[PDB]
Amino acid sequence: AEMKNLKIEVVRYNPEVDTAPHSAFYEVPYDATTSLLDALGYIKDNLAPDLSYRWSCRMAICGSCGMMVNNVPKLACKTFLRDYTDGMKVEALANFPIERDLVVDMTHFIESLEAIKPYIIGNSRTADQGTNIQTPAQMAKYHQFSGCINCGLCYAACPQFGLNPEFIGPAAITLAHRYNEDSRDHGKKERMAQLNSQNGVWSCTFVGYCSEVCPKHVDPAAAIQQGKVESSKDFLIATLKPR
């Protein structure tokens, strides 16, 4: 038959030529199955070979996809043209320095994630003794918070992070909370200093937009509030320890 077309606006930026980002526009064929990621490949293949962007899985599980679509942080592989017939403007993930086209520097995210020690700490059990015992009830405590694909859409959604680039952010705190809440870990004290910082949970004013955009429904906002409760219990304990 005859495929419809869609004029997509993509905010290009070449640090070796441009002084600032600037829009470009492309005509792309499409149907009810076409995704933003599909569209970007079509552009790179037939209209502008210098269009750079991150991607891989094509199924919303790897998390390398994040970008802004009409000012809403989304995954290009889970965004569909059929929903943007009245206009679609694509930009690099907000609140992150733009390196080139749709690629942004994720270094702060990575360092933030690294700073909260996201690994089982202090459990002496060894392989030969078998695995730990953990029940559905114990796992339910942190399970949802472990679905994070590190895509960064919550950092683009958070206005607190945009105002304070030093804030360790929603995903990082959720990740920390995921280990604190795991019955097999015993390293909550190794994580608290970062969660108690001003750049920790306390930089959060519960705008709640992060949770609204998580493509994996992790609900980082709930993690942070819960973290606040623990940070507060921690503050009391510290105040009462003249030891």
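In this text, residue numbers run from 1 along the sequence as written.
A.B. asks: As stated in the PDB record, which stretch has the larger average Cα B-factor, 117 to 125 or 168 to 176?
C.D. replies: Mean C-alpha B-factor is greater for 117 to 125.
A.B. asks: Looking at the entry, does 59 to 67 or 187 to 195 show the higher mean C-alpha B-factor?
C.D. replies: Looking at the recorded C-alpha B-factors, 187 to 195 comes out higher on average.
A.B. asks: Using the entry's values, work out which of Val104, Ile149, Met139, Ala156 has the largest Cα B factor.
C.D. replies: Reading the PDB entry, the winner on C-alpha B-factor is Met139.
A.B. asks: Looking at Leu75, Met88, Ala94, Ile133, which has the highest CA B-factor as recorded?
C.D. replies: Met88 has the highest C-alpha B-factor of those listed.
A.B. asks: Split the chain's modelled residues into thirds by Cα B-factor; is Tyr42 in the lowest, middle or highest one?
C.D. replies: Its C-alpha B-factor belongs to the middle third of this chain's values.
A.B. asks: Divide the modelled residues of the chain into thirds by Cα B-factor and specify which third, lowest, middle or highest, holds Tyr84.
C.D. replies: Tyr84: CA B-factor falls in the highest third of its chain.
A.B. asks: Which third of the chain holds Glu181 when residues are ordered by C-alpha B factor: lowest, middle or highest?
C.D. replies: According to the entry, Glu181 has a C-alpha B-factor in the chain's middle third.
A.B. asks: Looking at the entry's B-factor column for C-alpha atoms only, identify whether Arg12 ranks in the lowest, middle or highest third of its chain.
C.D. replies: Ranked within chain, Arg12 CA B lands in the middle tercile.
A.B. asks: Can you tell me whether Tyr209 has a C-alpha B-factor in the lowest, middle or highest third compared with the other modelled residues of the same chain?
C.D. replies: Tercile = lowest for this residue's CA B-factor.
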